[PDB]
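# Remarks on the overall topology
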Amino acid sequence: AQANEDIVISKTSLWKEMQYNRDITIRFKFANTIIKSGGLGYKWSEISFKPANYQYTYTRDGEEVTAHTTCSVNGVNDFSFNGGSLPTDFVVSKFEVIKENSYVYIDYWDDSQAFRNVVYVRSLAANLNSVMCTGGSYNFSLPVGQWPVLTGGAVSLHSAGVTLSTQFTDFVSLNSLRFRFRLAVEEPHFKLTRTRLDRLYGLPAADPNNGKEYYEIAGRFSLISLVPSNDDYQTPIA
Amino acid sequence: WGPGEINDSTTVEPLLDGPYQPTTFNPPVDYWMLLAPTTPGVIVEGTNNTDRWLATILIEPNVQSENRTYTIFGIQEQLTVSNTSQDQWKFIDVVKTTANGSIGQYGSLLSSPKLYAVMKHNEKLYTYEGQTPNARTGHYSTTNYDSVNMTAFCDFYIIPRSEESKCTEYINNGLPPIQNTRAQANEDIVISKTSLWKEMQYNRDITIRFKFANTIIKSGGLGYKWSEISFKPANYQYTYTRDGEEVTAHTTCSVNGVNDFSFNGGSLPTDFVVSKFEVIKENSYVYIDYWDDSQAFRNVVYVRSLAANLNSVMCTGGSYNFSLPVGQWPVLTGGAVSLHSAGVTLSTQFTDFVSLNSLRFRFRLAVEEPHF
Amino acid sequence: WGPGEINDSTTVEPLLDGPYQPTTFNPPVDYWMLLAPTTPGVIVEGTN
């Protein structure tokens, strides 16, 4: 119920704007957990994705960069392929599948002077080269009968802008950054086993690594921010 | 100014209702019922249990005219049945009169793909017939015998009214049932010269108006087989009286930390089947955004810090019901969570050369003593 | 900087029981089967 007031905390200062251009690469990977439902032999509940943090190492003009990255997915489509109703059927709750209506919400962190410099950023554009993602295989164990395997899945990637976010607590400030991505479906399909409905488009949630090393993407930086600099009174009348 | 949202919900694509237990039914009016057989013989017994006692027989190929006992209703009954071709099955119909009634010989269909679906419409049982190339329909003189009760003897699928074209296509072809089928330099260029900047501490009396947006959608089935109870963001416009000037604002809402359940109350096609049932609990997050118009809010960018002392508020729920034409309906009543202030974050979008921002407000929640 | 985001915490724990189909069954080892009818007459039928 108090009134309006404006209070200053300290006096004026000098500020400079500077373009930043760095050659960059990013390392990329998924993660998964398989939480099955309780039951006798044929029960599955969740096959979904989780984020994780990683460390890596680059080279640029003879300088080392330790990295920190984390992966997540936005707008993931969901399926539930019913396997029947009998106590030995493939009753299942939740499958995770991706379509080009889904997005990616990965983070990216360094220790270089460039990232340390940019907090008060105006414009941040980049040119990330499109890459490929594929799928592998994952089997199941059953009391009897054959064994069903999730298999296959491929997509393309495409840049969809950058988003920066900052978390403010009662005590400290938390910086963060994301990376939106557009997905483009490819030809390999889901070779999921032991049920009728098959040959769809997208990726599964079972094998995101596929035995590969990791996922690498290269790109560029275009940045602008405000930094302190030197005075200009040295040449008052040039 | 714009919002930021996290969500995905699409559970409405089974397109196959699934196999069901063989059980005595009281099937409702004007509905389609798939007949999935295992071995030729008796499929379903359906009777008016006063006058009419109906069933049908599937027949293996290459069988000569032979009467065979079959213990329908616990009593045998013989009928001369013969087969002509060497690759197709046969379909017939039987009409009974009483407990020891006569036999009404009907039913005719050449069966390549081993499936059936023969149902009623407009107080009239419509029969089907033929062979996969250009098989067609018929009907029997069933003058409103709709009190008939089925008795399923196999596992089967169910279909509603308005897509009889697709069920005709399927009885023509059948489902595909295959289960286990198989760079350079790094420079920094200057934009322009320096600039002068000062920093200001701004405090405003803050009032926020809030209401939530909900959606209920029916899932295909018999009246209760539902999953989708979805959540939506809200959008409003507001007016404020603060220091003589008027304030306009917009606000959206979203929630993270989904706490979902399901009521799988049985397996019969009239049982209480709920697949997705979300009730929030104390360890989740709610989100609020601002599109304000104030001069102080006009200048919110390049923030060093922003604290805001808020008031804890009460949030309660209401009641809901359903309508399936049998029994007595259940009621969904409850809902109460006290809301407390929590951390506040800022996020900025970017595209081409313009920026989009959003003030995101997080609130910690708590459950109350009143019970539900 | 530090890790901040929450995509989704899918907390679905609705199962502590489950209804099944009154048909035949082959029992495996080390489990239990609950049965409770309401109609007078035999309900359980076991045969070896």
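Residues numbered from 1 in each chain as written, not as in the entry; some residues may be left out. Chains lettered and ligands numbered in written order. Part of a larger assembly, values for the part shown. Heavy atoms only, no water.

As summarised from the PDB record, the model derives from cryo-EM at a stated resolution of 4.27 Å.

## Here's the deal with the pattern of salt bridges
Under the defined criterion, the tally for this structure stands at 10 salt bridges over all chains. Note that B:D188 and A:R22 form a salt bridge whose closest N and O atoms lie 3.1 Å from each other. With B:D188 in the loop between α1 (164-172) and β11 (195-203) and A:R22 in the loop between β1 (5-20) and β2 (23-28), this pair bridges two chains. A relative accessible area of 38% means that B:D188 is categorised as partly exposed. Between A:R220 and A:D23 there is a salt bridge, with the nearest N and O atoms lying 2.8 Å from each other. Of this pair, A:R220 sits in strand β18 (residues 215-220) while A:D23 sits in strand β2, and the two are 197 residues apart along the sequence. (Salt bridge = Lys/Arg side-chain N within 4 Å of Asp/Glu carboxyl O. Helix = DSSP H or I, 4+ residues; strand = E, 2+ residues; numbered from the N terminus. Buried < 20%, exposed > 50% of the residue type's maximum accessible area, 1.4 Å probe, protein only.)

## Some points on the interface of chain B and chain A
The interface is formed by 55 residues belonging to chain B together with 57 residues belonging to chain A. Of all residues in chain B, the largest losses of buried area upon contact with chain A belong to B:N186, B:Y302 and B:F350, amounting jointly to 13% of the total for that side. Counting across the chain B and chain A interface gives 2 salt bridges. With its nearest N and O atoms 2.5 Å apart, the salt bridge here joins B:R204 to A:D6. In this assembly, chain B and chain A are joined by 38 residue pairs in polar contact. Ranked by residue count, the leading element in the side of chain B that touches chain A is β11(B), at 9 residues. Among the residues forming the side of chain B that touches chain A, the class breakdown is 22 nonpolar, 20 polar and 13 charged. Where β1(A) meets β11(B), 8 bridges bridge the pair, whose relative direction is antiparallel. Bridge pairing links A:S10 to B:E199 in β11(B). (Contact = heavy atoms within 4.5 Å. Buried area = accessible area lost by both parts, 1.4 Å probe. Polar contact = N/O pair within 3.5 Å; in protein donor to acceptor, adjacent residues only side chain to side chain. Nonpolar A, V, L, I, M, F, W, Y, C, P; charged D, E, K, R; others polar. Pairing = 2+ DSSP bridges.)

## Structural notes on unusual backbone geometry
The phi torsion at A:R194 lies on the positive side, around 70 degrees, for a residue other than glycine. Assignment of secondary structure puts A:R194 in the loop between β17 (173-185) and β18. Judged by its relative accessible area of 24%, A:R194 falls in the partly exposed class. Its identity as a non-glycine residue notwithstanding, B:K114 has a phi of 60 degrees, on the positive side. For B:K114, the position within the fold is in the loop between β7 (104-111) and β8 (128-129).

## Remarks on the pairing of strand β19 (residues 285-289) of chain B
All names here are of chain B. Two strands pair when backbone bridges link them, and strand β16 (residues 253-256) and β19 are joined in this way by 4 bridges, in the antiparallel orientation. Paired with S254 across the bridge in β19 is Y287. Looking at chain direction, β19 and strand β25 (residues 354-367) are connected through 4 bridges and run antiparallel. Looking across to β25, one finds that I288 is bridged to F361.

## Details of the packing of aromatic side chains
Summed over the entire model, instances satisfying the criterion amount to 26 aromatic pairs over all chains. Residues A:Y56 and A:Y214 carry aromatic rings whose centres are separated by 5.2 Å and whose planes lie at 85 degrees to one another, so their mutual orientation is edge-to-face. Here A:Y56 is found in the loop between β5 (53-54) and β6 (68-70), whereas its partner A:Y214 is found in the loop between β17 and β18, with 158 residues between them in sequence. When the ring of B:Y20 is compared with that of B:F156, the centres are 6.3 Å apart and the planes differ by 25 degrees; the resulting orientation is stacked. Taken as a pair, B:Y20 in the segment before β1 (32-33) and B:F156 in the loop between β9 (136-137) and β10 (158-159) lie far apart in primary sequence, 136 residues in all. Judged by its relative accessible area of 15%, B:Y20 falls in the buried class. (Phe/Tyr/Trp six-rings, centres within 6.5 Å; stacked < 30°, edge-to-face > 60°.)

## Comments concerning the environment of A:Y103
All names here are of chain A. Mapping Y103 onto the fold places it in strand β10 (residues 103-104). With residues up to four places along the chain from it excluded, the contact list for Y103 reads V73, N74, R180 and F181. Reaching out from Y103, the side chain makes a polar contact with the side chain of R180 at a distance of 3.0 Å.

## Let's talk about the sheet that holds strand β3 (residues 53-59) of chain B
Strand pairs in the sheet, formed through backbone hydrogen bonds, run parallel or antiparallel to each other. Residue and element names in this part refer to chain B. As summarised here, the arrangement of the 4 strands in space is β2-β3-β6-β7, forming an open sheet in which the pairing is antiparallel. Edge positions in the sheet fall to β2 (46-47) and β7, since each of these pairs with one other strand and no more. Note that strand β6 (residues 89-96) and β7 share 6 bridges and pair antiparallel. Within the sheet, the bridge partner assigned to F91 lies in β7 and is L109.

## So, the sheet that holds strand β14 (residues 238-242) of chain B
Residue and element names in this part refer to chain B. Here 3 strands make up an open sheet; going across it, the order is β14-β15-β20 and the pairing antiparallel. Each having just a single partner strand, β14 and β20 (291-292) make up the two edges of the open sheet. Taken together, the 2 bridges between strand β15 (residues 245-250) and β20 define a ladder with antiparallel strand orientation. Bridge pairing in β20 links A249 to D292.

## Details of the nonpolar core
The biggest cluster of nonpolar side chains holds 54 residues, and the ones touching the most others in it are A:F28, A:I106, A:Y108, A:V155 and A:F179. What A:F28 contacts, discounting residues up to four positions off in sequence, is A:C71, A:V104, A:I106, A:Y214, A:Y215 and A:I217. B:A234, B:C253, B:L339 and B:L365 belong to the second largest nonpolar core, which has 15 residues in total. (Core = buried A, V, L, I, M, F, W, Y, C linked by side-chain atoms within 4.5 Å.)

## A word on a nonpolar patch on the surface
All names here are of chain B. On the surface, a nonpolar cluster with roughly 470 Å² of combined accessible area is contributed by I216, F261, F277, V279, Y320 and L332. Relative to the helices and strands, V279 resides in the loop between β18 (272-278) and β19. A residue is classified by how much of its surface remains accessible, and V279, at 42% relative accessible area, is partly exposed. (Patch = residues over 30% accessible without salt bridge, like charges linked within 9 Å, V, L, I, M, F, W, Y side chains within 5 Å. Areas by Shrake-Rupley, 256 points an atom, 1.4 Å probe, with all protein chains shown as cover.)

## Concerning the side chain of C:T11
Relative to the assigned elements, C:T11 resides in strand β1 (residues 11-12). In this structure the side chain of C:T11 is engaged in a polar contact, spanning 2.6 Å, whose partner is the side chain of B:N259. Excluding anything up to four places from it in sequence, C:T11 contacts B:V258, B:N259, B:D260 and B:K281.

## Structural notes on the environment of A:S137
All names here are of chain A. Looking at the secondary structure, you find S137 in strand β14 (residues 137-139). With 55 residues separating them along the chain, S137 and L192 place their C-alpha atoms 8.9 Å apart. Contact partners of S137, with chain neighbours within four places excluded, come to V149, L150, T151 and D207.

## What about the interface of chain A and chain C?
When the parts of a complex come together, some accessible area is lost, and that lost area is often used as the size of the interface. Contact residues are listed per partner, giving 19 residues for chain A and 12 residues for chain C. Summed over both sides, the interface between chain A and chain C buries roughly 1,400 Å², with carbon and sulfur atoms accounting for 58% of that surface. Where chain A meets chain C, there are 1 salt bridge. When the shortest N-O distance is used, the salt bridge between C:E5 and A:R178 registers 3.8 Å. Counting every contact that joins chain A to chain C gives 6 residue pairs in polar contact. Of all the elements in the fold, those that place two or more residues in the side of chain A that touches chain C are β4 (43-49) and β17 of chain A. Looking at which element gives the most residues to the side of chain A that touches chain C, the answer is β17(A), with 4 residues. A per-class count over the side of chain A that touches chain C returns 7 nonpolar, 8 polar and 4 charged.

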